[PDB]
Structure formats: structure tokens, C-alpha cells
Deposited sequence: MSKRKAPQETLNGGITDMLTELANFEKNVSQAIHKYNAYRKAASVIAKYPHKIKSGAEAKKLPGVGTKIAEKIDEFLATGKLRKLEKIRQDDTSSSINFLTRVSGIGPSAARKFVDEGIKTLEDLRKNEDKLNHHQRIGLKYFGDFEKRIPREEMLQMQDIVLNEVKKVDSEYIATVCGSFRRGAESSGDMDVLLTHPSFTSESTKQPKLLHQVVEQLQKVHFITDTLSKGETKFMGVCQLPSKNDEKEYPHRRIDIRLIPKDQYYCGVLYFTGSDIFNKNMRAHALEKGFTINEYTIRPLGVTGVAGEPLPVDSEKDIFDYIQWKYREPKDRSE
């Protein structure tokens, strides 16, 4: 019940990220925004909000000023600043962050018109991001994402039946929409102690059926690119969506699926439960913990239920993995 308070704090954190280049303030501001957004009360005084962890003196004084005046003088000044607003608008483009936007504003490039007029100053990734600025910012309905998941699974099985592909994230947790696709792939012949062209075959097959439209980067471990659902020859074309494909070894695949399924709060709680149960869980595998904190040989992983049973915790469906 802090829609006005949380929204104004959101852009504040961005400025230390893209302009001031201070992560130590951006992380604190976003943590404060997240903890305030979960609090189901009207906020009346900053001292009352100081009880919540992650809220300090500066946040208190600023929310008090916002409650008193309806705005922040610092925020209002920085809103009308041409340089800061231009940097933020440039950083909205994928591939453009603090250094890139800072340099472009320094050389006069401040609007998307300048980006389109200066193709030579943009690399492949920056040009791809410029081309699909509007498409990338759109959300993906769950039905379209079901369709393209079916298409991806069909193509991957067409490459080889022994492949296993899992679409993790908010979709795996059952959310109605997502901002990107995280595709996780494994191969029985590819383990931690075992081909560099396994991902290449899948990428080439998806490009053949004209599903993947653009390639941002393609390596032996992870691939990032753009995909778009085909239209049925008469309707408007679907907006371009950025899809990420990652190849994981078989002994690490289920742990990677658990890590990328989410959520972040759920992952942190599971890591805390593992730590209090004498285990450490990471993106790759799970290790037992010794009495002195020394990690031993990683345990074999063959299912998510195995991971849950390792830390003596009941298996939870991805829909129940909100926290």
C-alpha cells in the first residue's frame, strides 16, 4: 500500500547505477523499495518506516520530505537535467549502460534519432538492441510463450531425442508473463568431466525454421539471441522477444534448473536452509559442509527432488516457489 512512495524511489536508484555508477547506493535503494512495496500499510512518518530493516537515515529523511511536499527537490532537479535524463533514456536500450550512455551524451548522441543516424558507432549487439527497442520492452502473454515453448521443444527433439530442454523462471513458476526466456539444455554425453557443437546444432536448427531471428552472442556454453513467433499469414506479426539458451552438464543440469526457476527470495531461503542443514547449494551442484566449513566432493544430482531431499526439505512445486 505504498504505490506513490515506491514508484518515486524506483528511478532514484537508477541514477546511482547509470549516472553516478555507484552500485553501493543502487542496491540499497532497490532493497528499500522492495521491502516498502511488501509492507501493507499507509506510511505516515519516516521514523515509523525506520523500524523495517534496510531503511536508514537518508531514506527516512527523503520519504518524510516526499510525504510533506509530494516530491523531492533533488529528484525534481535531476528530472529536468538534460544530461541525466538523456543518459537514462539511452540506458533503456539494451547493450547501453553507464559508460556507453555517458560517452554518447558527451558526443551529443542523446536520442534514438541519433542512435539511428549513427549506426557506425554501434556494434552488432547495440544495433540489434536499437532495432528492437519497442519489441524488447513489451511483455509476453503466457499463451504465446506456451506456443513458442512447444516450438522450441519440437525443434530440440528434432535435433536429437536425448536432448533435455527446460524453460525455467517465472514461466516455470507459473507466472502469467515474463520479460525474457531462459532456456536450459543438457546432453547425456556432456558432463562436467566430458561436445562444443551441441549448442550450435540447436541454434542452427532454430534458425532454419525461422524462429530465432537475430544472434547477440553464441558460445560453447550459453547463447543469447532474438526469437519471434510466426504470424498466421494474415494477423499482425508478433513482437520480437530476446531468448537466452544455456548449455549445462548433466550432473549440473537439475541444480541449474532449480537455481534459474526462482524466485530470488525462495532461492535465498533454500540456501539458508541448506547452510543450517550443513550443505551448500550453488548454480552448479551441491556440496556437503564440514565442521570447519571446508566443502567436500559435490553430491550427485539427478532430480530436483533429490536436491530437496539432500537438505531434508519437502519437495515444492515451482508454483509454490514464490518465497
What residue ranges of the deposited sequence are absent from the coordinates? 1-10, 205-206
